[PDB]
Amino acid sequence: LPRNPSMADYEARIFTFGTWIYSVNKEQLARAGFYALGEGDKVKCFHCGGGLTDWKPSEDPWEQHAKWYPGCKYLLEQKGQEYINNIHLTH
C-alpha cells in the first residue's frame, strides 16, 4: 500500500507541479511517481514516500528513483527488478 493513496494517479501528481520553474521535466517526475511538495524542487514518491531534491539539468527521475529507493514497489511494478539492480550495478 502507498504512503499517499491520493497521489496514486498520474493526474493528481502532475497537478502539484503547477508553477514548476526547474529544468527537471515535471511530466517525467510525475510519471516516475513523484509529486511536488511546494517548497523548492522537492518531490516525494506517492508510494514509497522517498523524497528527492536538488535535481540536476539532464537527470532522469526514474534512475534517481531507483538509485535512492530500490525498494519502492511502484518502482518495481513499473520498471521490474532487472531495471533496479542494473541501476545499482552500473553507477
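Heads up, when I say rigid core I mean the largest set of C-alphas that superpose within 1.5 Å between the two forms. Don't overthink the numbering: it's just position in the shown sequence, from 1.
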Q | RMS Cα shift after core superposition in 4 other deposited structures of this protein, winner of 65 to 73 and 5 to 13 | A | 5 to 13
Q | Higher-B stretch (mean Cα B-factor, as the entry records it), 61 to 69 or 38 to 46 | A | 38 to 46
(Q) I need to verify one thing: averaged over C-alpha atoms only, is the B-factor higher for 25 to 33 or for 52 to 60? (A) 52 to 60
Q) Which third of the chain holds residue 8 when residues are ordered by C-alpha B factor: lowest, middle or highest? A) middle
**Q.** Lowest, middle or highest third - CA B-factor, residue 83
**A.** middle
